[PDB]
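Q: Quick one, structure for this:
(chains A and B, ligands or ions: 1)
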Amino acid sequence: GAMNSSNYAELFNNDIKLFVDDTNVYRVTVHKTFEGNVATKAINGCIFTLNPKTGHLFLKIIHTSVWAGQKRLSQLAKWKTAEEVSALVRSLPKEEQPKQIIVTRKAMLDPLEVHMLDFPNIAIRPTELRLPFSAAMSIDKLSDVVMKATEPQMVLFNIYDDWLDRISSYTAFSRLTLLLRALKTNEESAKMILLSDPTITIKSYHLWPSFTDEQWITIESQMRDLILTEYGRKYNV
Amino acid sequence: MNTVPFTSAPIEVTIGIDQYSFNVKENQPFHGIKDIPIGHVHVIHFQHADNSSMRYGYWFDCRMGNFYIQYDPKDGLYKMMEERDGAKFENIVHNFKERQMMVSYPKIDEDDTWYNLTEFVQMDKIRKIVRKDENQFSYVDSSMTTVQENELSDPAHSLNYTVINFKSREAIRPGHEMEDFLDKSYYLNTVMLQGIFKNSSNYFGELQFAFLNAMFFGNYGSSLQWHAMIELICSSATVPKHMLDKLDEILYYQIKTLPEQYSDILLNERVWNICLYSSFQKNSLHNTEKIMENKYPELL
Ligand SMILES: O=C(O)c1ccoc1CN1CCOCC1
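A: Residues are numbered from 1 along each chain as shown, chains lettered A, B, ... in the order given. Provided below are the atomic coordinates:
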């Protein structure tokens, strides 16, 4: 059924599973027209499909041409997400196909279930976790590839860099969710924390600074301070 | 007019005949029901006074044979049987009629209710839903499960309604997933009407029989089928105009007949609100919407 804090270790077992987050598929800017009406302009988006055990991220870039001449785009976006996840599963060898797909938003359940009718043994599940995957576009190298895209494209990443050489999946997912929550809560301050020391750089083949185990502890502390600081500013605490 | 005699009535029982009902006392001199209108299917149904568990009954058409009821003290129920000796049967009925030991089917002349509830219901189609080929009549009860219910356990005693499942490969063309899920026209018109049912009359017959079994026996699976067949039409953007107009009539008479006090158990809020206010056909069911709003406004 639903995935929550009670069955959290299930994320890191040896049954292949993917999270699917659709919050950045259909993205728009809102503006006034010459006549003083309001119009939207779509910008490129992405599906965030992540294996939480291995860090493998299947970033499907959604180019604005897929919306051309279509109606009810917020509805279509869920169905396009499900179509693309279905296509990804079919593209994978049998022994790499997931046994469970966890959607971050419950409105994805019916579209995905319908697109996956050919796979009756893949469980489609919601979650009660509030996951910060909408902040994926705050990771510079992901935002860059999405914005530069001129056509539909799939790009593969490891969202954990080489962190699994020294820590467990459980801890890597915890670090990722803390980093993304901080970027969602105060993007400018979070990026300042990550780039404040010019001597620590991001490898060409990585998404995040090559921090040591001790520096990651400091960074994680600073991220928690940021989140708490923002909570106090918000609620006047 | 035809007659279903009773050998006797050894146990106190409420007897239904179509939408009518009457109480019979233990060992009362009751010997059956006369003046049954030819031309329609009928249902004779029972609920025992000492055990309201298991409502049960029999669908029959007097044009297909001479049928009577006899209590079986071993199996503890009133059983329908066919009498093949015609002269014996006429002799039995005549004596019971002369002694006025029968109730008369209490049809008012102005009243088309039973025709309106059974317009598309055929005995031959009932006998395919309820499989017991050695009899010409069909037993149904409150507990019988449907083929669909079983899939999700004795198949000889099941209700073989046509399986309708909105999230199934039968309902969704590969490549048309969003289209077919949001607009069920291809499932209704190509799969169900052209493919399985062959025509709208057979589709409405099954819908009508499902409602009747839900109402007369409290058969849950039948209620599920009735709502599924309504929702399939209402969730289709392309439906022939004659089907929409006939559906409005069918449902109007069903809502009209439903006991006011069973609305809480026989009507699905989600389905009815979707069908009347959100669906493609939200404005095509004017008579049904009007009776629903005036009789069961709480459900909406
Ligand atoms: O690599 C080591 O020996 C080490 C020792 C403590 O933390 C690390 C982290 N490594 C890999 C990540 O980039 C920094 C260097």
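
Q: List the contacts of whichever residue of chain B sits closest to the ligand.
A: Here chain B gets closest to the ligand at one residue, residue B:177, 43.7 Å apart by CB to the nearest ligand atom. In short, each C-beta sits where N, CA and C put it, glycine included. With contacts defined as CB atoms under 8 Å, 6 or more residues apart in numbering or on different chains, residue B:177 is in contact with A:79, A:82-83, A:111, A:114-115.

Q: So which of the residues you listed sit within helices?
A: Secondary structure from DSSP state H places A:79, A:82-83, A:111, A:114-115 of the contacts of residue B:177 in helices.

Q: want to try JSON lines for the residues you listed, with neighbour count as columns?
A: JSON lines is the format used below for the ones in helices among the contacts of residue B:177 (neighbours: other CB atoms under 10 Å in any protein chain shown):
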{"residue": "A:79", "neighbour count": "21"}
{"residue": "A:82", "neighbour count": "27"}
{"residue": "A:83", "neighbour count": "18"}
{"residue": "A:111", "neighbour count": "26"}
{"residue": "A:114", "neighbour count": "23"}
{"residue": "A:115", "neighbour count": "24"}
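
Q: which two in the residues you listed are spaced the farthest apart?
A: Farthest-apart pair in these is A:83 and A:114; separation 9.9 Å (CB to CB).

Q: element containing the spatially closest residue to residue A:237 that is not a sequence neighbour?
A: Nearest residue to residue A:237 in three dimensions, chain neighbours excluded: residue A:231, at 6.8 Å (CB to CB, 6 or more residues apart in numbering or on different chains). In the assignment (DSSP states H and E), residue A:231 maps to helix A:213-235.

Q: got the buried residues for that helix?
A: When burial is assessed from 16 or more other CB atoms under 10 Å in any protein chain shown, helix A:213-235 yields the following buried residues: A:216, A:219-220, A:222-223, A:226-227.

Q: ok, and which of those residues reach chain B?
A: When CB under 8 Å from any CB of the partner chain is taken as the criterion, no member of the buried residues of helix A:213-235 contacts chain B.

Q: Would you confirm that residue A:21 contacts residue A:101?
A: No - Residue A:21 sits out of contact with residue A:101 when judged by CB atoms under 8 Å, with a separation of 11.3 Å.

Q: quick one: which of those two has more around it?
A: For residue A:21 and residue A:101, the more surrounded residue by other CB atoms under 10 Å in any protein chain shown is residue A:101, and the numbers stand at 25 against 22.

Q: what pairs with the more buried one across the strands?
A: Beta-bridge partners recorded for residue A:101 (DSSP bridges): residue A:18, residue A:124.

Q: Go ahead and confirm it touches residue A:122.
A: Yes - with contact defined as CB under 8 Å, residue A:101 counts as touching residue A:122 (6.3 Å).

Q: list the contacts for residue B:200?
A: When the contact criterion is CB under 8 Å, 6+ apart, the partners of residue B:200 are B:193, B:240, B:242-243, B:246.

Q: before we move on, back to that, ok, now how distant is the residue nearest to residue A:237 from the ligand?
A: Summarising the geometry, the distance separating residue A:231 from the ligand, computed by CB to the nearest ligand atom, to the nearest Å, is 30 Å.

Q: mind checking how far whichever residue of chain A sits closest to chain B is from residue A:51?
A: Relative to chain B, the nearest point of chain A is residue A:79 (4.0 Å; CB to the nearest CB). Note on residue A:79: its distance to residue A:51, by CB to CB, to the nearest Å, is 23 Å.

Q: again, but for residue A:98
A: When distance is defined by CB to CB, residue A:98 is 8 Å away from residue A:51.

Q: Kindly report the same for residue A:114.
A: For residue A:114, the distance to residue A:51 - CB to CB - is 23 Å.

Q: Just the strands from the chain, written as ranges.
A: No chain specified, so I'll use chain A. If you assign secondary structure with DSSP state E, the strands in chain A sit at A:17-21, A:27-32, A:38-43, A:45-50, A:56-62, A:100-103, A:123-125, A:153-158.

Q: my bad, the chain I had in mind was chain B
A: Along chain B, the stretches classed as strands by DSSP E are B:2-5, B:13-17, B:20-24, B:32-36, B:42-48, B:51-60, B:67-72, B:77-82, B:103-104, B:138-141.

Q: rewinding a little: now the residue of chain A closest to chain B: closest residue in space, sequence neighbours ignored.
A: With sequence-adjacent residues excluded and distances taken as CB to CB, 6+ apart, residue A:79 is closest to residue B:178, at 4.0 Å.

Q: Please apply the same query to residue A:187.
A: Distance criterion CB to CB, 6+ apart; nearest residue to residue A:187, sequence neighbours excluded, is residue A:138 at 5.2 Å.

Q: Go ahead and confirm the one you found touches residue A:180.
A: Yes - checked against CB under 8 Å, the pair residue A:138 and residue A:180 is within contact range at 7.5 Å.

Q: what's stretch B:48-62 in contact with?
A: Counting contacts by CB under 8 Å, 6+ apart, the residues outside stretch B:48-62 that touch it are B:2-4, B:11-14, B:16, B:23, B:26, B:36, B:38, B:40-47, B:67, B:77, B:80, B:123, B:126, B:130, B:136-143, B:216-218.

Q: From those, keep the buried residues only.
A: When burial is judged by neighbour count using 16+ other CB under 10 Å, the buried members of these are B:2-4, B:11, B:13, B:16, B:36, B:40-47, B:67, B:77, B:80, B:123, B:126, B:130, B:136-142, B:216-218.

Q: ok, residues contacting stretch A:24-43?
A: Where contact means CB under 8 Å, 6+ apart, the residues beyond stretch A:24-43 that reach it are A:44-48, A:62, A:64, A:67, A:73-74, A:76-78, A:80-81, A:134, A:136-137, A:146-147.

Q: now the end-to-end length of that stretch.
A: Between the opening and closing residues of stretch A:24-43 there is a gap of 10 Å (CA to CA, to the nearest Å).

Q: same question, stretch B:183-202
A: This stretch, stretch B:183-202, spans 22 Å end to end (CA to CA).

Q: In that stretch, which residues are buried?
A: Residues B:183-189, B:191-193, B:197, B:200, B:202 are the ones in stretch B:183-202 that count as buried (16+ other CB under 10 Å).

Q: who wins for proximity to residue B:256 among the strands of chain B?
A: Set against residue B:256 and scored by CB to CB, those come closest in strand B:20-24, at 15.4 Å.

Q: okay, now the domains of chain A?
A: Domain assignment for chain A, taken from CATH domains of a matching chain, gives A:9-163, A:164-237.

Q: Buried deepest among those, which one?
A: Greatest average neighbour count among those goes to domain A:9-163 (a mean of 17), per mean count of other CB atoms under 10 Å in any protein chain shown.
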